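One chain comes next, on its own, written out as structure tokens in the form solved without the ligand.
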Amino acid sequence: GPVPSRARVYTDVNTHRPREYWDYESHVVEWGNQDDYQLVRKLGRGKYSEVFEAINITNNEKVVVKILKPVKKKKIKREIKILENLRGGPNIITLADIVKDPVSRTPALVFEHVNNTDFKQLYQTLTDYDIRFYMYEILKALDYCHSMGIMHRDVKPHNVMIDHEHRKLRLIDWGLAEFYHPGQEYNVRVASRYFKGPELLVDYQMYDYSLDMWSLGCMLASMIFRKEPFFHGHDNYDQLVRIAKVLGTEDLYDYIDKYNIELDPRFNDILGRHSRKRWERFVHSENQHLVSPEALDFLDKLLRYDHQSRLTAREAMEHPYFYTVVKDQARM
């Protein structure tokens, strides 16, 4: 059987809180009236999504309304409880209200207004400095939610709303976020293909906060190398092969042996043997301005097979890559 794992940081934070904090199934929701709002327009968030710009009639304030997709209410209360727990945290989207349509009875979340400019639309046109600035901003949100015992699990450019004129950033879509409890085995069918950590791909269930750090690595790699996605798999099996071709197969199989992972039979033929590639392989004339020794050292320390080996959010924030950002923050 597989070898147990525990989080390097924030391991027992939920244990030391009242049951009410994390026992989201016992949470009682006071449902508001969706009649306090009027939808203005549908926000283009993809096919699955049902997000709208709206106006709160009571005070003429712009808001964003997310109509919850028919789901186990377990998941609904989970997203609500996580949002409520993280409310007011650095770069976390603010849940304003919780409502139901009186006729349909369908649940909906009302958020603080933000522009519909997600990071995917801006993150391939950024300067060196701005990549570091916004990465550091994302890291604030990750450290906070992890410090509060929550892993996001869907960290990707599409879930990062950015107001580039006022330099503001919000981490959004907490619908896959879950509370970390040491020993718990989690669902591995979370996150999007290109940002799925190796632990998800080999079906290692006892993962932690460090999942989000892999996803952050994938985003960083994609930005500095101008390669979208960085790991471009056909499916979940070929995704790990794409990773394997960069990180190499030696650390992969070492990782499998360390945690005694029963590797799916399909993987046997498709992985092969590959060297660990030096990051220089991905630098070219059109991306050389975004790539530095500091960026490559930072990237390397996020993208590890072994989830234990990856930088924590706080450790990442104190990496040399962010020195000029930290400096400028204190100046202001």
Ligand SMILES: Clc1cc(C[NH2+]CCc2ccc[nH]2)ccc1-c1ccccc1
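Residue indices: 1-based, along the sequence shown.
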Mean Cα B-factor comparison, 21 to 29 or 8 to 16, giving the higher one as deposited: 21 to 29
Greater mean Cα temperature factor according to the PDB record, 80 to 88 or 101 to 109: 101 to 109
Residue with maximal Cα B-factor (values as given in the PDB entry) among 242, 181, 120, 140: 120
Member of 36, 294, 300, 306 with the greatest C-alpha B factor (per the PDB record): 36
Residue 165 - Cα temperature factor, lowest/middle/highest third of chain: highest
Among modelled residues of the same chain, the CA temperature factor third for residue 250: highest
Chain third (lowest, middle, highest) by recorded CA B-factor, residue given as residue 262: highest
For residue 73, the third of its chain into which the C-alpha B factor falls: highest
Entry-reported Cα temperature factor of residue 176, expressed as the chain third it lands in: lowest
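One more form of this protein, deposited with the ligand bound, exists but is not displayed; see below.
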Pose source in the bound PDB entry; superposed partner the ligand; site open or blocked by backbone or C-beta within 2.4 Å: blocked
Heavy atom within 4.5 Å of the ligand in the bound PDB entry - the one residue of 145, 243, 213, 223 that qualifies: 223
Listed residue (206, 191, 131, 247) with a non-hydrogen atom within 4.5 angstroms of the ligand in the bound PDB entry: 131
Touches the ligand in the bound PDB entry: residue 86 (any heavy atom, 4.5 Å): no
Non-hydrogen atom contact residue 96 with the ligand in the bound PDB entry at 4.5 angstroms: no
Non-hydrogen atom contact residue 141 with the ligand in the bound PDB entry at 4.5 angstroms: no
Any non-hydrogen atom of residue 219 within 4.5 angstroms of the ligand in the bound PDB entry: yes
Whether 119, 122 and 172 all lie within 4.5 angstroms of the ligand in the bound PDB entry by heavy atom: yes
